[PDB]
Amino acid sequence: XXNXX
Amino acid sequence: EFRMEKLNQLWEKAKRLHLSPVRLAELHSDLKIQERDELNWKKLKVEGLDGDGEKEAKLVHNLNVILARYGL
Amino acid sequence: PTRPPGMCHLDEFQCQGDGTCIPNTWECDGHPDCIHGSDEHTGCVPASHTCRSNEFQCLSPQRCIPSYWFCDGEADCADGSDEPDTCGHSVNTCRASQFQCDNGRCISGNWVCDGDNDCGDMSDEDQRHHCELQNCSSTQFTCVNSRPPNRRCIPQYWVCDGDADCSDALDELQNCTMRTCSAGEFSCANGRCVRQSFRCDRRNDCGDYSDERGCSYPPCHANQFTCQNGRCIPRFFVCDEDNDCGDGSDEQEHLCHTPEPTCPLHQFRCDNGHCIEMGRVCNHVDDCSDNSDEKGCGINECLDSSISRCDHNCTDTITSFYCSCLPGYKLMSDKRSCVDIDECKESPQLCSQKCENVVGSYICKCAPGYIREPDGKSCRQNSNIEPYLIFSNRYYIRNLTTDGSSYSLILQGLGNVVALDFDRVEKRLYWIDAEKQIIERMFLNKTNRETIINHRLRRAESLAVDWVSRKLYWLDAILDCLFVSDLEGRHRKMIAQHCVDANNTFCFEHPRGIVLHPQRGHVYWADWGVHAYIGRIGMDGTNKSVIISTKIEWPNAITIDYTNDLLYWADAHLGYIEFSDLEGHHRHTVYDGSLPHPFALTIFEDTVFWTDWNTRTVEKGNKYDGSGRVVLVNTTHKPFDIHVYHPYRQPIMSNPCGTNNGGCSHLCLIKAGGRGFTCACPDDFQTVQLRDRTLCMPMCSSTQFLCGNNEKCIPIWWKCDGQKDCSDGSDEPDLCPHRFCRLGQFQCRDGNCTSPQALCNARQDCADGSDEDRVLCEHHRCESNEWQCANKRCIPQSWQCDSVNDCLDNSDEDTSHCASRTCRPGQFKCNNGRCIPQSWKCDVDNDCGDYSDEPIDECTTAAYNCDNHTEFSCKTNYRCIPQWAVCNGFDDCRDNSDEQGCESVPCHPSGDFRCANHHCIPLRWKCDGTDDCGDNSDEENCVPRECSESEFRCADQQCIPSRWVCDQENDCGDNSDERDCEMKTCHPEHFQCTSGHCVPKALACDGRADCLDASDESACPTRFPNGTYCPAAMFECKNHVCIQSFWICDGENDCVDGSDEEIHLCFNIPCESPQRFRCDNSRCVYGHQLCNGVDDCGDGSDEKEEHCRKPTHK
Ligand SMILES: *[C@@H]1O[C@H](CO)[C@@H](O[C@@H]2O[C@H](CO)[C@@H](O[C@@H]3O[C@H](CO[C@H]4O[C@H](CO)[C@@H](O)[C@H](O)[C@@H]4O)[C@@H](O)[C@H](O[C@H]4O[C@H](CO)[C@@H](O)[C@H](O)[C@@H]4O)[C@@H]3O)[C@H](O)[C@H]2NC(C)=O)[C@H](O)[C@H]1NC(C)=O
Ligand SMILES: *[C@@H]1O[C@H](CO)[C@@H](O[C@@H]2O[C@H](CO)[C@@H](O[C@@H]3O[C@H](CO[C@H]4O[C@H](CO)[C@@H](O)[C@H](O)[C@@H]4O)[C@@H](O)[C@H](O[C@H]4O[C@H](CO)[C@@H](O)[C@H](O)[C@@H]4O)[C@@H]3O)[C@H](O)[C@H]2NC(C)=O)[C@H](O)[C@H]1NC(C)=O
Ligand SMILES: *[C@@H]1O[C@H](CO)[C@@H](O[C@@H]2O[C@H](CO)[C@@H](O[C@@H]3O[C@H](CO[C@H]4O[C@H](CO)[C@@H](O)[C@H](O)[C@@H]4O)[C@@H](O)[C@H](O[C@H]4O[C@H](CO)[C@@H](O)[C@H](O)[C@@H]4O)[C@@H]3O)[C@H](O)[C@H]2NC(C)=O)[C@H](O)[C@H]1NC(C)=O
Ligand SMILES: *[C@@H]1O[C@H](CO)[C@@H](O[C@@H]2O[C@H](CO)[C@@H](O[C@@H]3O[C@H](CO)[C@@H](O)[C@H](O)[C@@H]3O)[C@H](O)[C@H]2NC(C)=O)[C@H](O)[C@H]1NC(C)=O
Ligand SMILES: *[C@@H]1O[C@H](CO)[C@@H](O[C@@H]2O[C@H](CO)[C@@H](O[C@@H]3O[C@H](CO)[C@@H](O)[C@H](O)[C@@H]3O)[C@H](O)[C@H]2NC(C)=O)[C@H](O)[C@H]1NC(C)=O
Ligand SMILES: *[C@@H]1O[C@H](CO)[C@@H](O[C@@H]2O[C@H](CO)[C@@H](O[C@@H]3O[C@H](CO)[C@@H](O)[C@H](O)[C@@H]3O)[C@H](O)[C@H]2NC(C)=O)[C@H](O)[C@H]1NC(C)=O
Ligand SMILES: *[C@@H]1O[C@H](CO)[C@@H](O[C@@H]2O[C@H](CO)[C@@H](O[C@@H]3O[C@H](CO)[C@@H](O)[C@H](O)[C@@H]3O)[C@H](O)[C@H]2NC(C)=O)[C@H](O)[C@H]1NC(C)=O
Ligand SMILES: *[C@@H]1O[C@H](CO)[C@@H](O)[C@H](O)[C@H]1NC(C)=O
Ligand SMILES: *[C@@H]1O[C@H](CO)[C@@H](O)[C@H](O)[C@H]1NC(C)=O
Ligand SMILES: *[C@H]1O[C@H](CO)[C@H](O)[C@H](O)[C@H]1NC(C)=O
Ligand SMILES: *[C@H]1O[C@H](CO)[C@H](O)[C@H](O)[C@H]1NC(C)=O
Ligand SMILES: *[C@H]1O[C@H](CO)[C@H](O)[C@H](O)[C@H]1NC(C)=O
Ligand SMILES: [Ca+2]
Ligand SMILES: [Ca+2]
Ligand SMILES: [Ca+2]
Ligand SMILES: [Ca+2]
Ligand SMILES: [Ca+2]
Ligand SMILES: [Ca+2]
Ligand SMILES: [Ca+2]
Ligand SMILES: [Ca+2]
Ligand SMILES: [Ca+2]
Ligand SMILES: [Ca+2]
Ligand SMILES: [Ca+2]
Ligand SMILES: [Ca+2]
Ligand SMILES: [Ca+2]
Ligand SMILES: [Ca+2]
Ligand SMILES: [Ca+2]
Ligand SMILES: [Ca+2]
Ligand SMILES: [Ca+2]
Ligand SMILES: [Ca+2]
Ligand SMILES: [Ca+2]
Ligand SMILES: [Ca+2]
Ligand SMILES: [Ca+2]
């Protein structure tokens, strides 16, 4: 997703 | 619509039989006139004024022939 | 000692106006001896033959009716005077002979039960009157699996008939269970059949709901209102006060709203609620309901003594009054009286640092170390140390000034620094390297770097350092836990897991962000899971509670300012920064959804500093209203976990465990509330609490080794290797066998090597099978995220009861276990035995396999409405998906509802990049090198980005980490990163091979040829006394390379020298035809190279068909 690292 | 639970049950189940509308409509007219008959039966039952119980046989047999007549 | 910077000793008191220190005896004395009286604050101490007498006469039917019959609710003998004017309408209730049921009717007992409309409006069986569970006599059968709104009793006249009757239609199953069903009717899972028209509709026709499962409902008509659960209703049914679709979508406050007309000026409406011209009032004409405009003509009604009791002040108008309250006082609902405003709670932003409530106005004060500037509200830090920001890029920890003037590297060359924190006591810095899965520390003067934690760190997310109790707290996102340890990295202990709330609705799923508050002994953390929340726990693992749970989707960031004690956090999805009290009350938004993607924020004085992922920027602004927003810096890589380095951000406090470890054996943790302390034990220890002390009794598995002093226990493969791990040194005893393997690797008893995961997995992997030995595996234990079969092999906790043989002996799928086990807190259980996340219940998808997670009757109720702040409701079904999944290029609603009309969806003004299609992607994904829009519009029309300090540029202009340069392998796709190495010096603590390439120094002189040319072994001292370099078991290549004995002349060029393939050695190696056969050149060619078409030996004997075709199909 767009909130992982 | 109808007063009693049993008439509503017959009414949903009659629709579940997909019967013809003219037959299905005649069902309610025979049950709705029985609705007024059952009400005076019930009033005379709880109050106990129907000392002979004459009003019970005449709606029991009417309901039975209604079930037989209309294909239930 | 000296005085803390800008502060005063606890033995004295600080003046507010100038920061000077005076003794406490001058405080609270009544004499303003300070510069502005800050010492003397007010908070201190101060015909008559046809009927009979029992019957009422009637005319037409010649009937006579009892006296109690009439005036009951209907005309008994069709008399028009029966109801209206024969009895008193409400002089009395209908007395005890007929029980009370509505005012216009009455009920004689049993009718409250039978289900017939005997009060005129069905209200006889309302509330909890009667008939909780009806019963069936002879010739009747009960629909036991049913609820009130369907049925509970049916006659035998309908059992095993032609049409289903009960709720689940069990009447037709019974013992009947017929066979005959054809293609003319739809077939259900349970076996019953129904007409094709009764598929994919609003009715549960088959009982089993097989006629509805898997259907795809087309959208409703134009005149058909659609509810959130997917049921179409007539628009006439909307806002008729009847729940026409169950979930209440058609009956809700703001959809069924008719806001009253404004009529702002002139247009003086009267008190009956309709707007009329202003001049009509007291025009001597009664134009409103009841003298609403004519009081004769109005005058002030407060003039008489205490009429309407206007508490503070009053004012009048043409036809009314209105009281008023002085500033600092608010009127309450009675519209007559005023109460004091707690401005410190109702309006926190008025005072910059601290607030004290007064009856009326308020007074703002500053925390010690701060002085209030002459404006009366803005405190200023008094220490002559200027703060600076410390934030982490993926490769760097960088130093940035508060105003942004200076910018420099604190450190570089790291793998991936996702979090960091500082300690002002030792001037030390801590950070988590997510790429290496280690936690390091170093002094701020850039020396004494070391690694304190390197084991069982599956996925660390955020860390926080406790300056008071010298403890280190960090979150793990894979184990879903909150850990604790001393600053040196010992005595690790689990202090939180599973769920937080009493309902198990908010659980550890995606922990991120952490902030300690040692003053009150609390730890605050955030989770961005499906049920996102901000939790709280005591520093010792008590007081689990939920602080924020509403209007929160992606809480990446969290912090506390320590001066106002306000809690601060930011949401990446909703895009806000919002602050609240420590208990979660009185929340206020700083930025109202305008931030692209904040990740970490921090506070100092009056300024909030946050790191933005989408813009890759560090920004600052006012901490209360967001004014003065300024971009400080903008980097190539994403910024993580910014921190303001200043001693005021770690306020001084007494240590409850002072100079004695609190008398605790291993750990002393601050009690919730801060006042007390609690002794604790590490992970593999048992707390045998005694009368006046806690005993930490060691309890470690058979795969673990207990150290000499019982200070810790370590995995069994950490015993007998190169490094001493225990403090005692028993890790490496004198009677220690030779170490054949590398670090972090299990060693077989015969010298073979295998990974630690090979231990007790029931698949023997060592040559001796010692990895599955009874003594070793008898008391094996594994992590909290795994479940252990009776076979003593550990599998992930979610691999149970899935009809897959994850364990060898089906213990995971055994029916006895799959019926008695529970799910872990926060997980839903299926009748199949599956454990699934609670979010997976009622989401259309068949997750249990048995559709147990999708009860259609229950899933469509009001209890599963989507959270309208963050979730988007699918059109044709009851599924809810998060808003960020809307037109992302993937079918998430199972009906493609979320991908419809993305053209109308606007991107966020600054953080997103619109694709060729109408999708919005984060700007950080522009020109990254991979297609994320689904049409390559992001990577088109791009220019390669410039390299940073730790990066190296290939011939293709793409940047790679400098560590990959000259490491024997190419990463640029060509010769670029190994173009020349012979005349280059490489990162420290690395050994450069003679061929120019360089390896980590630990791989030098350890037998294995780690350099390509084996130069890491070609010049080393003699390993064994009598001159030998390898133990006898291994072979010794003439270039001093150690090699496994069975590798001898197997056809692989194993010794880089070539000593492995001498023919004289080759001929005498034992061989076996199915595995190794002799080639006619005396070379035992590997058996896999026979009939391979390749001349592994120089005469083609390995390819001759005579002895490698199939004689018996072999
Ligand atoms: C980078 O910054 C850090 C942090 O400021 C510096 O580390 C400190 O260095 C000073 C020396 O300059 C240390 O001061 C010494 O502390 C000793 C006691 O604590 C040390 O030893 C115990 C032993 O268990 C350890 O537990 C503890 O962690 C410390 O390592 C004192 O005994 C010393 O006293 C001696 O010298 C002083 C004068 O300096 C004399 O007055 C005394 O009589 C005696 O001779 C000394 O005070 C300090 O402890 C260090 N801090 C820490 C946390 O260890 C780095 O030096 C600095 N690095 C660089 C290169 O700049
Ligand atoms: C994991 O690493 C181990 C290392 O030991 C390998 O296991 C076996 O290793 C031995 C190394 O010696 C292989 O060779 C065996 O040597 C034995 C010792 O030789 C005796 O006789 C000579 C005669 O001069 C003496 O000098 C010497 O001192 C000894 O007295 C032989 O006895 C072995 O033969 C017998 O045992 C093996 C099983 O161990 C049987 O397979 C044979 O049929 C026979 O009964 C043998 O020659 C041995 O080959 C290695 N095992 C196997 C099965 O190959 C493992 O190979 C390695 N892991 C894997 C998966 O390969
Ligand atoms: C230069 O130096 C190295 C060592 O510094 C020498 O290598 C040693 O050689 C001896 C003799 O071969 C080895 O001793 C033998 O080891 C066998 C295997 O045991 C291994 O595994 C066990 C358990 O983990 C270890 O305890 C052990 O140390 C080994 O690692 C034993 O099985 C042998 O005993 C057998 O024979 C005796 C009779 O002699 C029987 O009574 C016993 O029951 C048993 O069957 C024996 O102990 C020694 O292990 C080697 N060490 C290394 C590191 O390889 C070189 O030989 C030397 N070079 C020269 C030219 O001399
Ligand atoms: C609304 O009603 C309130 C309640 O009476 C009014 O507050 C009162 O205002 C008067 C005039 O400002 C104050 O009188 C002054 O008091 C001082 C002594 O403190 C005296 O020296 C002056 O000569 C003067 O008389 C009075 O104190 C104050 N009452 C209180 C208790 O605060 C208010 O003025 C009204 N506001 C309006 C706009 O009508
Ligand atoms: C991050 O950057 C800031 C600002 O550049 C650094 O602050 C600097 O810290 C050093 C050490 O405290 C100061 O050096 C001192 O200067 C005085 C006066 O010249 C000298 O007498 C001392 O001997 C010492 O050399 C420096 O002045 C100071 N700069 C500012 C603007 O305050 C900070 O050290 C950096 N942090 C890290 C971890 O590198
Ligand atoms: C977990 O959260 C749920 C949902 O908030 C809690 O369910 C609550 O359960 C009570 C008792 O069943 C419900 O009260 C009921 O109200 C109806 C009238 O609406 C009444 O007829 C019942 O006799 C009963 O008083 C309550 O409505 C419901 N919560 C809400 C807000 O709907 C539950 O308590 C929590 N934890 C537990 C103990 O499961
Ligand atoms: C252990 O956990 C509970 C729940 O988090 C903590 O109780 C909470 O404590 C705060 C502060 O004392 C309470 O706020 C205050 O409540 C009173 C009314 O009781 C109100 O007058 C104040 O204005 C303020 O709002 C909060 O209500 C309370 N919550 C509940 C229901 O327990 C408790 O403090 C924790 N103990 C520690 C010190 O770890
Ligand atoms: C951010 O990038 C802009 C160009 O878009 C540049 O002008 C600005 O200097 C950068 N911010 C800082 C101050 O580093
Ligand atoms: C829907 O959002 C509004 C704010 O626009 C809020 O007041 C209301 O409570 C929300 N309703 C639901 C279904 O959560
Ligand atoms: C004096 O004591 C204070 C206590 O907070 C600080 O340790 C300060 O650094 C000390 N000053 C000197 C010169 O040692
Ligand atoms: C060699 O020098 C280069 C360039 O100055 C790098 O600094 C590299 O880290 C150096 N390594 C050694 C071993 O000196
Ligand atoms: C090799 O090193 C060993 C280590 O014990 C002995 O010191 C030995 O003497 C060394 N030299 C030779 C020739 O073996
Ligand atoms: Ca004073
Ligand atoms: Ca009447
Ligand atoms: Ca009734
Ligand atoms: Ca039936
Ligand atoms: Ca259906
Ligand atoms: Ca409605
Ligand atoms: Ca008027
Ligand atoms: Ca106030
Ligand atoms: Ca997780
Ligand atoms: Ca959510
Ligand atoms: Ca966003
Ligand atoms: Ca070790
Ligand atoms: Ca194994
Ligand atoms: Ca399984
Ligand atoms: Ca599901
Ligand atoms: Ca989607
Ligand atoms: Ca891209
Ligand atoms: Ca490379
Ligand atoms: Ca090597
Ligand atoms: Ca070989
Ligand atoms: Ca071959």
# chains A, B, ... in the order shown; residues from 1 in each chain; ligands from 1
>>> residues_near_ligand(ligand="ligand 14", cutoff="9 Å", atoms="only C-alpha atoms and all ligand atoms", output="MDAnalysis selection string")
chainID C and resid 68:77 79 82:83
>>> write_last_selection(atoms="N, CA, C and O atoms", output="short mmCIF file (atom, residue, chain, number, x, y, z; two decimals), in the first residue's frame")
data_model
loop_
_atom_site.label_atom_id
_atom_site.label_comp_id
_atom_site.auth_asym_id
_atom_site.auth_seq_id
_atom_site.Cartn_x
_atom_site.Cartn_y
_atom_site.Cartn_z
N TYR C 68 -71.22 -2.30 29.47
CA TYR C 68 -69.79 -2.08 29.35
C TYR C 68 -69.28 -2.18 27.92
O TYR C 68 -68.15 -1.78 27.65
N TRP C 69 -70.09 -2.70 26.99
CA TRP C 69 -69.65 -2.82 25.61
C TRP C 69 -69.47 -1.45 24.96
O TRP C 69 -68.42 -1.16 24.38
N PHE C 70 -70.48 -0.59 25.07
CA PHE C 70 -70.40 0.71 24.40
C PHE C 70 -69.34 1.59 25.05
O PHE C 70 -68.89 1.33 26.17
N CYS C 71 -68.93 2.63 24.31
CA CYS C 71 -67.88 3.57 24.73
C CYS C 71 -66.61 2.84 25.16
O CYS C 71 -65.97 3.18 26.15
N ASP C 72 -66.22 1.83 24.36
CA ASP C 72 -64.96 1.13 24.55
C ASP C 72 -63.96 1.37 23.43
O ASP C 72 -62.77 1.09 23.62
N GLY C 73 -64.40 1.89 22.29
CA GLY C 73 -63.52 2.10 21.16
C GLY C 73 -64.18 1.87 19.81
O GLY C 73 -63.61 2.22 18.77
N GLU C 74 -65.37 1.29 19.81
CA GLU C 74 -66.12 1.07 18.58
C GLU C 74 -67.60 0.97 18.89
O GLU C 74 -68.00 0.66 20.01
N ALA C 75 -68.42 1.22 17.87
CA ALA C 75 -69.88 1.16 18.00
C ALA C 75 -70.31 -0.30 17.91
O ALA C 75 -70.22 -0.92 16.85
N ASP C 76 -70.77 -0.85 19.04
CA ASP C 76 -71.09 -2.27 19.10
C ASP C 76 -72.33 -2.61 18.28
O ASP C 76 -72.31 -3.57 17.49
N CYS C 77 -73.41 -1.85 18.44
CA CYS C 77 -74.62 -2.07 17.66
C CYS C 77 -74.83 -1.01 16.59
O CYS C 77 -75.98 -0.63 16.34
N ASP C 79 -74.30 2.17 16.60
CA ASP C 79 -74.92 3.36 17.18
C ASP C 79 -73.95 4.52 17.06
O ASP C 79 -72.80 4.43 17.51
N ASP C 82 -72.54 5.74 20.35
CA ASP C 82 -71.82 4.78 21.18
C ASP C 82 -70.53 5.37 21.73
O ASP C 82 -70.34 5.48 22.95
N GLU C 83 -69.62 5.76 20.84
CA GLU C 83 -68.33 6.32 21.23
C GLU C 83 -68.38 7.80 21.61
O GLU C 83 -67.86 8.17 22.67
#
>>> residues_around(residues="range 70-72 of chain B", least_positions_apart="5", cutoff="9 Å", atoms="only C-alpha atoms", output="JSON, numbers by chain")
{"B": [13, 14, 17, 19, 23, 24, 26, 27, 65]}
>>> write_last_selection(atoms="C-alpha atoms", output="PDB file, in the first residue's frame")
ATOM      1  CA  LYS B  13     -48.802 -18.569   2.154  1.00  0.00           C
ATOM      2  CA  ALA B  14     -51.594 -17.973  -0.362  1.00  0.00           C
ATOM      3  CA  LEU B  17     -49.030 -20.558  -3.819  1.00  0.00           C
ATOM      4  CA  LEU B  19     -52.862 -18.609  -6.988  1.00  0.00           C
ATOM      5  CA  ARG B  23     -59.315 -16.807  -6.399  1.00  0.00           C
ATOM      6  CA  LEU B  24     -56.824 -15.098  -4.083  1.00  0.00           C
ATOM      7  CA  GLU B  26     -62.060 -14.251  -2.838  1.00  0.00           C
ATOM      8  CA  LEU B  27     -59.894 -15.842  -0.142  1.00  0.00           C
ATOM      9  CA  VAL B  65     -63.925 -25.669   3.647  1.00  0.00           C
TER      10      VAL B  65
END
>>> interface_residues(of="chain C", to="chain A", cutoff="10 Å", atoms="only C-alpha atoms", output="ChimeraX atom specification")
/C:394,416,418,434,461,510,528,554,556,572-573,597,599,613-614,638,640,884-885,921-922,925
>>> residues_near_ligand(ligand="ligand 25", cutoff="12 Å", atoms="only C-alpha atoms and all ligand atoms", output="short mmCIF file (atom, residue, chain, number, x, y, z; two decimals) with N, CA, C and O atoms, in the first residue's frame")
data_model
loop_
_atom_site.label_atom_id
_atom_site.label_comp_id
_atom_site.auth_asym_id
_atom_site.auth_seq_id
_atom_site.Cartn_x
_atom_site.Cartn_y
_atom_site.Cartn_z
N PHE C 746 23.02 -23.18 12.87
CA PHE C 746 23.12 -24.39 13.66
C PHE C 746 24.18 -25.32 13.08
O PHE C 746 24.33 -25.43 11.86
N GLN C 747 24.92 -25.99 13.97
CA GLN C 747 25.98 -26.91 13.58
C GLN C 747 25.56 -28.33 13.93
O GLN C 747 25.19 -28.60 15.08
N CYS C 748 25.61 -29.22 12.95
CA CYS C 748 25.33 -30.62 13.20
C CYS C 748 26.45 -31.26 14.01
O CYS C 748 27.56 -30.72 14.11
N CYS C 753 26.14 -28.14 8.42
CA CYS C 753 25.55 -26.88 8.82
C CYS C 753 24.13 -26.76 8.31
O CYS C 753 23.81 -27.20 7.20
N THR C 754 23.27 -26.15 9.13
CA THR C 754 21.88 -25.92 8.74
C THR C 754 21.36 -24.68 9.45
O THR C 754 21.88 -24.28 10.50
N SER C 755 20.33 -24.08 8.87
CA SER C 755 19.76 -22.85 9.41
C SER C 755 18.98 -23.14 10.69
O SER C 755 18.52 -24.26 10.91
N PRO C 756 18.82 -22.13 11.55
CA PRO C 756 18.08 -22.35 12.81
C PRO C 756 16.65 -22.81 12.61
O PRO C 756 16.12 -23.52 13.48
N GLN C 757 15.99 -22.43 11.51
CA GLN C 757 14.62 -22.87 11.27
C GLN C 757 14.53 -24.38 11.08
O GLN C 757 13.43 -24.94 11.18
N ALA C 758 15.65 -25.05 10.81
CA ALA C 758 15.65 -26.50 10.67
C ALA C 758 15.47 -27.22 12.00
O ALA C 758 15.24 -28.43 12.00
N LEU C 759 15.58 -26.50 13.12
CA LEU C 759 15.48 -27.15 14.42
C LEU C 759 14.03 -27.52 14.72
O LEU C 759 13.15 -26.65 14.77
N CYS C 760 13.80 -28.81 14.94
CA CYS C 760 12.52 -29.34 15.40
C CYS C 760 11.37 -28.93 14.47
O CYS C 760 10.35 -28.39 14.90
N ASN C 761 11.56 -29.20 13.18
CA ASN C 761 10.50 -29.03 12.19
C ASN C 761 10.05 -30.37 11.62
O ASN C 761 9.34 -30.40 10.62
N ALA C 762 10.49 -31.47 12.24
CA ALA C 762 10.07 -32.84 11.93
C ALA C 762 10.62 -33.33 10.60
O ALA C 762 10.48 -34.51 10.26
N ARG C 763 11.24 -32.44 9.83
CA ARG C 763 11.99 -32.85 8.65
C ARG C 763 13.47 -32.87 9.00
O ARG C 763 14.10 -31.81 9.11
N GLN C 764 14.04 -34.06 9.19
CA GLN C 764 15.44 -34.14 9.57
C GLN C 764 16.32 -33.55 8.47
O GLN C 764 16.17 -33.88 7.29
N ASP C 765 17.20 -32.63 8.86
CA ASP C 765 18.01 -31.88 7.91
C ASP C 765 19.50 -32.07 8.13
O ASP C 765 20.27 -31.97 7.17
N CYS C 766 19.93 -32.33 9.36
CA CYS C 766 21.32 -32.63 9.63
C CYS C 766 21.64 -34.04 9.14
O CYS C 766 20.75 -34.88 8.96
N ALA C 767 22.92 -34.30 8.91
CA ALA C 767 23.33 -35.63 8.45
C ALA C 767 22.99 -36.69 9.49
O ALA C 767 22.55 -37.79 9.14
N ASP C 768 23.19 -36.38 10.76
CA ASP C 768 22.85 -37.28 11.86
C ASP C 768 21.39 -37.18 12.27
O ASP C 768 20.94 -37.99 13.08
N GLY C 769 20.65 -36.22 11.72
CA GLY C 769 19.31 -35.97 12.22
C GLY C 769 19.28 -35.37 13.60
O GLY C 769 18.23 -35.41 14.25
N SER C 770 20.39 -34.80 14.07
CA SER C 770 20.46 -34.25 15.41
C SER C 770 19.54 -33.05 15.59
O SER C 770 19.17 -32.73 16.72
N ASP C 771 19.17 -32.38 14.50
CA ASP C 771 18.24 -31.26 14.58
C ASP C 771 16.85 -31.68 15.05
O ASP C 771 16.06 -30.82 15.44
N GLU C 772 16.55 -32.98 15.01
CA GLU C 772 15.27 -33.50 15.47
C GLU C 772 15.43 -34.41 16.68
O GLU C 772 14.59 -35.29 16.91
N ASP C 773 16.50 -34.23 17.45
CA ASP C 773 16.77 -35.11 18.58
C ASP C 773 15.75 -34.91 19.69
O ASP C 773 15.21 -33.82 19.89
N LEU C 776 16.69 -32.41 22.41
CA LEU C 776 16.66 -31.04 21.90
C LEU C 776 15.22 -30.55 21.71
O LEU C 776 14.89 -29.41 22.05
N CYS C 777 14.36 -31.41 21.17
CA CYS C 777 13.01 -31.00 20.79
C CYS C 777 11.96 -31.31 21.85
O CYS C 777 10.78 -31.05 21.61
N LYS C 792 5.34 -31.12 17.63
CA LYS C 792 6.39 -30.19 18.06
C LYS C 792 7.09 -29.57 16.85
O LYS C 792 8.31 -29.50 16.76
N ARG C 793 6.26 -29.11 15.91
CA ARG C 793 6.69 -28.27 14.80
C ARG C 793 5.77 -27.05 14.78
O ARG C 793 4.55 -27.19 14.87
N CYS C 794 6.35 -25.86 14.66
CA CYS C 794 5.61 -24.62 14.82
C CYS C 794 5.21 -24.06 13.47
O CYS C 794 6.04 -23.97 12.56
#
>>> select_by_dssp(residues="range 341-387 of chain C", states="helix (DSSP H, G or I)", output="list in words")
residues 343, 344, 345, 346, 348, 349 and 350 of chain C
>>> interface_residues(of="chain B", to="chain C", cutoff="7 Å", atoms="only C-alpha atoms", output="list in words")
residues 3, 4, 5 and 16 of chain B
>>> residues_near_ligand(ligand="ligand 22", cutoff="6 Å", atoms="only C-alpha atoms and all ligand atoms", output="PDB file with N, CA and C atoms, in the first residue's frame")
ATOM      1  N   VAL C 530      -7.352  -1.855  10.543  1.00  0.00           N
ATOM      2  CA  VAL C 530      -8.722  -1.617  10.095  1.00  0.00           C
ATOM      3  C   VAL C 530      -9.485  -0.809  11.137  1.00  0.00           C
ATOM      4  N   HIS C 531      -9.382  -1.209  12.404  1.00  0.00           N
ATOM      5  CA  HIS C 531      -9.964  -0.447  13.507  1.00  0.00           C
ATOM      6  C   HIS C 531      -8.853   0.377  14.148  1.00  0.00           C
ATOM      7  N   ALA C 532      -8.488   1.458  13.463  1.00  0.00           N
ATOM      8  CA  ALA C 532      -7.390   2.303  13.908  1.00  0.00           C
ATOM      9  C   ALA C 532      -7.727   2.977  15.231  1.00  0.00           C
ATOM     10  N   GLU C 553      -7.883   7.156  10.702  1.00  0.00           N
ATOM     11  CA  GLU C 553      -7.680   6.060   9.762  1.00  0.00           C
ATOM     12  C   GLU C 553      -6.222   5.631   9.663  1.00  0.00           C
TER      13      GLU C 553
END
>>> residues_near_ligand(ligand="ligand 19", cutoff="7 Å", atoms="only C-alpha atoms and all ligand atoms", output="PyMOL selection string")
chain C and resi 280-288+293-294
>>> residues_near_ligand(ligand="ligand 30", cutoff="12 Å", atoms="only C-alpha atoms and all ligand atoms", output="ChimeraX atom specification")
/C:952-954,959-981,997-999
>>> residues_around(residues="residue 7 in chain C", least_positions_apart="4", cutoff="9 Å", atoms="only C-alpha atoms", output="list in words")
residues 3, 14, 19, 20, 21, 368, 369, 370, 382 and 383 of chain C
